[PDB]
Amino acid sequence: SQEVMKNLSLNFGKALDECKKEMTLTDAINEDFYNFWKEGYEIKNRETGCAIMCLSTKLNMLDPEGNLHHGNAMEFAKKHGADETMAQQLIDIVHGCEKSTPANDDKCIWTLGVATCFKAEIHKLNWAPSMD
């Protein structure tokens, strides 16, 4: 559901401010988040990946390192309105994307790659929202 992807995006972004008084980042990132679900948009700023990883770690979906906590990621989805089957589809995609993106000590760059892959698969389902 697009409606459910919108609420998940909004709620994922609530932790963002805060991250900011904790990593201190820029208007390039706000532009990337604003554009995230636009078709064909490409994220080019490394520090957007840092933001996503900060966000996810604050929500307990990433560990110290960047392996997804599947259980906590399911719980986030369900918290913000995914039913069991949508949540399980989402986790599978993120897990597929971790497997497919190359190892990188640079976790900010690793995150961008996973997050690109994720966005792509969400478009393929027609679940990318108009953040409107």
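Residue numbers run from 1 along the displayed sequence.
If you average the C-alpha B-factors over 30-38 and over 53-61, the higher value belongs to 53-61. A summary of the deposited B-factors shows that, of 19-27 and 109-117, the stretch with the larger mean C-alpha value is 19-27. Of the candidates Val94, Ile43, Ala77, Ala103, it is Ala103 whose Cα B-factor is highest according to the PDB record. When all modelled residues of the chain are sorted by CA temperature factor, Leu8 is found within the lowest third.
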